[PDB]
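# A closer look at the structure
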Amino acid sequence: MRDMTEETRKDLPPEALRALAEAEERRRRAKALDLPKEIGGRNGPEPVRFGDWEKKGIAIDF
């Protein structure tokens, strides 16, 4: 939720950069799964179209 610049961070930490490094620590190929499948198309997970938004409130702004 944001409406005004107000406080501005400076030189954000390598949170995203480190995330990439952590993602590197592991790879799909490393898990032993090349995934040669392509011509096929099996059904997978699909949660119902359920959701709950509560934007309206004290913080209500734009």
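Basis of the calculations
- Residues numbered from 1 in each chain as written, not as in the entry; some residues may be left out.
- Heavy atoms only, no water.
- UniProt positions renumbered as here; feature names shortened; annotations may be inferred.
- Helix = DSSP H or I, 4+ residues; strand = E, 2+ residues; numbered from the N terminus.
- Rg over C-alpha atoms; globule rule 2.2 N^0.38 Å.
- Buried < 20%, exposed > 50% of the residue type's maximum accessible area, 1.4 Å probe, protein only.
- Areas by Shrake-Rupley, 256 points an atom, 1.4 Å probe, with all protein chains shown as cover.
- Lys, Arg positive; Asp, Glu negative; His and termini not counted.
- Charge placed at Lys NZ, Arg CZ, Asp CG, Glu CD.

For this deposited structure, the header cites solution NMR as the method used.

Under its PDB header, the title given for this structure is "Solution structure of RhR2 from Rhodobacter Sphaeroides. Northeast Structural Genomics Consortium". Under the Sequence similarities (unreviewed entry) heading, UniProt states for the chain: "Belongs to the SDHAF4 family."

## Some words on the overall build of the chain
When helices and strands are tallied, the chain shows one helix and zero strands. The C-alpha radius of gyration computed for the chain amounts to 21 Å, which surpasses the reference 11 Å derived for 62 residues by more than 25%, pointing to a less compact arrangement than a globule. Each principal axis of the C-alpha atoms in the chain carries an extent, and together these give about 50 × 35 × 15 Å. Expressed as a percentage of its 62 residues, the buried residues of the chain come to 0%. Of the roughly 7,700 Å² that the chain leaves accessible, carbon and sulfur atoms contribute 54%. One way to put it: in the chain the 14 positive side-chain charges average out to a point 7 Å from where the 14 negative ones average out.

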